[PDB]
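My numbering puts the first residue of the sequence shown at 8, with every later residue one more than the last.
Quick notes on the structure that follows.
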Amino acid sequence: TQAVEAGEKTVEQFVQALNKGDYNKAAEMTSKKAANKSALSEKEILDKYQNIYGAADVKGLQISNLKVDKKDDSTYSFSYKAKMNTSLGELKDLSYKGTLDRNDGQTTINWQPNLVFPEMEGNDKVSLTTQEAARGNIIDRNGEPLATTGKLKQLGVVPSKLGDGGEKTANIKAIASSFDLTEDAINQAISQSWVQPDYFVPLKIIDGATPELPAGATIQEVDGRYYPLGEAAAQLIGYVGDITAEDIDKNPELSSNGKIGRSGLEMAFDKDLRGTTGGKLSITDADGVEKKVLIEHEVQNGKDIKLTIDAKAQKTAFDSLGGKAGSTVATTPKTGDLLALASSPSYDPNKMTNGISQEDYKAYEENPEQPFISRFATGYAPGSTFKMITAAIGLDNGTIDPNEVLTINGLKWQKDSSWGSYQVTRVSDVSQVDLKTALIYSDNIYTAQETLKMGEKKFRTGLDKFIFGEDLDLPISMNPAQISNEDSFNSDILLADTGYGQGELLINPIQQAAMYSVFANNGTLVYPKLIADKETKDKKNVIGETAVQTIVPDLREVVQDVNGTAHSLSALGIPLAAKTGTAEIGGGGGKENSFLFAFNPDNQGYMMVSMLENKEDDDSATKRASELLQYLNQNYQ
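Here's what the structure looks like:
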């Protein structure tokens, strides 16, 4: 058993070297080239493994059921089952056999071609045929395409037909002025290292009508990924890019010639959209006749994925932001169907997947407003819109009397002199403020007082009945909401700030639309839903129905009362219950975020949560919501 265990260690080190891709380390574990020992030399074994395993993208060689005994005084036989992953799938149940050589004081492997693949002999070759799978489509709730593989117009130039001296400079300026291109960019494209005099040098993709083609201009039809909404859904859908040799090392089942999702849903649903590579991995004879077929299966195209998004609401919600930093979430609050997940500013995903320059990509990454951010999935302080939750909690535990009137003098207020210079600030100097008045005028001092009067324990008890700390079942990279950094505020100031929603709270717009959905389901929290076919999961008795039937009538007045903060939305003439909010936030000035929550209190057909990050002066989310509220009130009742 002394040499048997030394032989078992030799087989394990040989497999481990093949599994790690170190073929030279595995080849040096073989005996000398002979007839009763190894078949090839060490350098020939290296080239055979590197060519065969490299062509099939073999990765993850692991063995089992290893048995090593003894055949002669110096020969030990070994056998084992093995498994490996290739570019066509998993090779399961591979019976490997061989012999060892115990000359000198170390044990080597009598290498044979059957150690590459089980039934290989002599000068047998390995052939791999593959068929690329078509990437599945991403569609909205009504079948409209959001991410599709279609035909594109590739506008390029042939430098031979461009001219010589003077005529070449005139045609470059003619194409640059006819397709809105830079004159120096066309010269740089035709002067790269890969360019030859007659090579078709691609320039840009034409997503419309093709104008007149001057001398040297030509258009060719190529197939690629196309995003109809473009930047309107760039953060949600994402983009796909060319698969690199490093991506194949991570997952061999990818197509070493296709596309892979880099961000958004194209990446979160990459496996379900890319399908499976079809083809056949066969062992051929010395010429080219197949002996045995190892792996073979038909190509399967990627399955289409249907979202709850509305293609027209996603475009309207994005355009309403006007390119400013912000986000908008539109849901059907009774089922959680995410009708729109807009984020602004945004990037062009079509330009991203169809060749983007280093300057345009650097302009996206170094933009101070950061268009790459999925703002609907980024945690923010909910702002003074959070009064609705604090009030509903205050009504459930009997802390807040809807008819009790607090006397507030001025625009600033603090509990004691222990607060130092900090004071809760409000915008409207209303002396007699009750619950309805504080919701109409968005009075933070009222909310700050009722929160301290409620206490931390009773406040967290009502907050814990929501979705704080929960990871939502959504294919969107997202962190769970939090009430504070730790489980205790340990500060009356932080408790009051959390009352009107700007302490250490972190709730992204999707999680906000889930928490605010209780006012459309009589206190029942309906979780958001992005996939059209999934079931509607809900959370009952989050707040009392009494608080819903008390705050929702006041939220109507936030729109209808002439001093309401959302009174500009009464121009719509539709049943609206809204609530505005602001949040004061590395240097800089008053980084203020304008929020807006609004829904239909008559039919609960739609719910909207929009916000503007670092708002400009005189700008607000309420000013930009008139267009989206009309479409949601018309098509979602």
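For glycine and all other residues, C-beta sits at the position ideal for the given N, C-alpha and C.
Cβ neighbours of residue i in the same chain (closer than 6 Å, five flanking residues each side left out)
i: residue 313; result: 146 and 539
i: residue 622; result: 599 and 601
i: residue 31; result: 53
i: residue 529; result: 552 and 555
i: residue 26; result: 68
Start-to-end residues for the beta strand (DSSP E) that takes in residue i
i: residue 209; result: 208-213
i: residue 107; result: 96-108
i: residue 21; result: Premise fails: residue 21 lies in the alpha helix (DSSP H), 9-26, not in any beta strand (DSSP E).
i: residue 428; result: Note, residue 428: premise wrong, no beta strand (DSSP E); not H, not E.
i: residue 502; result: Unbroken run through residue 502 is the alpha helix (DSSP H), 499-506; no beta strand (DSSP E).
i: residue 216; result: Unbroken run through residue 216: none, as it is neither H nor E.
i: residue 227; result: 224-233
i: residue 156; result: 152-164
i: residue 134; result: 132-138
i: residue 266; result: 266-268
Span of the alpha helix (DSSP H) around residue i
i: residue 566; result: 552-567
i: residue 242; result: 241-244
i: residue 78; result: Careful: residue 78 lies outside any alpha helix (DSSP H) and carries neither H nor E.
i: residue 459; result: 451-461
i: residue 255; result: 252-257
i: residue 184; result: 174-185
i: residue 144; result: Counting along the chain, residue 144 falls outside any alpha helix (DSSP H), and DSSP gives it neither H nor E.
i: residue 197; result: Counting along the chain, residue 197 falls outside any alpha helix (DSSP H), and DSSP gives it neither H nor E.
i: residue 394; result: 394-403
i: residue 611; result: That residue, residue 611, is in no alpha helix (DSSP H); it is neither H nor E in DSSP.
i: residue 548; result: From DSSP, residue 548 is part of no alpha helix (DSSP H); its letter is neither H nor E.
i: residue 640; result: 633-642
i: residue 407; result: Residue 407 -> no alpha helix (DSSP H), and no H or E assigned at all.
i: residue 342; result: Premise fails: residue 342 is in no alpha helix (DSSP H) and is neither H nor E.
Cβ-Cβ separation, residue j to residue i (assumed contact under 8 Å), whole Å
i: residue 339; j: residue 347; result: So it is not a contact: roughly 11 Å between Cβ atoms.
i: residue 517; j: residue 535; result: 6 Å
i: residue 589; j: residue 391; result: 6 Å
i: residue 38; j: residue 115; result: 4 Å
i: residue 618; j: residue 333; result: 6 Å
i: residue 422; j: residue 499; result: 6 Å
i: residue 281; j: residue 154; result: Not really, about 12 Å apart at Cβ, beyond 8 Å.
Contact set for residue i: own chain, Cβ-Cβ below 8 Å, skip 5 residues either direction
i: residue 219; result: 185
i: residue 62; result: 133 and 135
i: residue 283; result: 96, 140, 260, 304, 306 and 307
i: residue 579; result: 633, 636, 637 and 640
i: residue 311; result: 143, 144, 145 and 146
i: residue 627; result: 587, 601, 603 and 619
Beta-ladder partner(s) of residue i, from DSSP
i: residue 617; result: 335 and 603
i: residue 304; result: 286
i: residue 420; result: 431
i: residue 327; result: DSSP output for residue 327 lists no bridge partner at all.
i: residue 91; result: 98
i: residue 591; result: 599
i: residue 70; result: 89
i: residue 297; result: 291
i: residue 248; result: 267
i: residue 117; result: 106
i: residue 348; result: 336
i: residue 514; result: 387
i: residue 377; result: Paired residue(s): none; residue 377 is not in a bridge.
i: residue 45; result: 40
i: residue 466; result: Bridge partners of residue 466: none, in fact.
i: residue 533; result: 545
Beta-carbon gap between residue i and residue j smaller than 7 Å
i: residue 246; j: residue 356; result: yes
i: residue 182; j: residue 209; result: no
i: residue 36; j: residue 67; result: no
i: residue 450; j: residue 467; result: no
i: residue 503; j: residue 532; result: no
i: residue 300; j: residue 289; result: yes
i: residue 404; j: residue 465; result: yes
i: residue 565; j: residue 447; result: yes
i: residue 490; j: residue 470; result: yes
i: residue 40; j: residue 48; result: yes
i: residue 16; j: residue 117; result: no
i: residue 119; j: residue 286; result: no
i: residue 223; j: residue 164; result: yes
Close beta carbons around residue i, own chain, < 7 Å, minus the five adjacent residues each side
i: residue 413; result: 440, 453 and 456
i: residue 70; result: 22, 87, 88 and 89
i: residue 188; result: 182, 210 and 211
i: residue 60; result: none
Below-7 Å beta-carbon distance, residue i vs any chain D residue
i: residue 130; result: Chain labels in this structure do not include chain D; a single protein chain is all it has.
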